[PDB]
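When we count neighbours, we look across all protein chains shown, and the Cβ atoms used for this are built from the backbone with ideal geometry, even at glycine. None of the figures in this text is laboratory data; all of them are computed from the coordinates on show.
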Amino acid sequence: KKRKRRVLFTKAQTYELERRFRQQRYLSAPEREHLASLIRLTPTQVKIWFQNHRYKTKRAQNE
DNA sequence: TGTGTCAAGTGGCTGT
DNA sequence: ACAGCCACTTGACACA
């Protein structure tokens, strides 16, 4: 029972995720498990940072 | 001296 | 029957 320690990605990992979202809003299963394998994060760690920029970018303009 | 942040987790609806 | 975002909160932690 791991206690969900927070987990951050190196700023270089994050740069490649900022990369795939700033270039594309929806990642397919092969595309997205490749960013996960270049930087060495797992696939669900990439898919989740993706769900986070779509609610935060749109919600910024509703503000 | 405590929140807001971060990423996950949660929780709830509609297509195909 | 199928499968999973889309938006709210928690659940640890970086901010100052």
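Here are the numbers:
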{"read-out": "Positive-pole candidate from A:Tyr15, A:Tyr55, A:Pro30, dipole of chain A, charges at beta carbon", "value": "A:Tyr55"}
{"read-out": "Cα-centred dipole magnitude for chain A, charges only on beta-carbon of K, R (+1) and D, E (-1), debye, nearest 20", "value": "460 debye"}
{"read-out": "Chain A, relative contact order [Cα under 8 Å, separation at least 6], %", "value": "30 percent"}
{"read-out": "Ellipticity estimate at 222 nm from DSSP helix runs (n ≥ 4, -39,500 (n - 2.57)) divided over chain A, nearest 500", "value": "-23000 deg cm²/dmol"}
{"read-out": "Computed over chain A, Kirkwood Rh from alpha-carbon pairs, angstrom", "value": "12.5 Å"}
{"read-out": "Using θ = phi - 60° and Karplus 6.51 cos²θ - 1.76 cosθ + 1.60, couplings along region A:9-14 (whole Hz; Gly, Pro as x)", "value": "10, 5, 4, 6, 4, 3"}
{"read-out": "FRET efficiency, A:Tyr15 to A:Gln61 (Cβ-Cβ, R0 30 Å, nearest 0.05)", "value": "0.80"}
{"read-out": "Partner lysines for A:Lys58 [C-alpha distance under 19 Å; skip if fewer than 8 residues away on the same chain]", "value": "A:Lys47"}
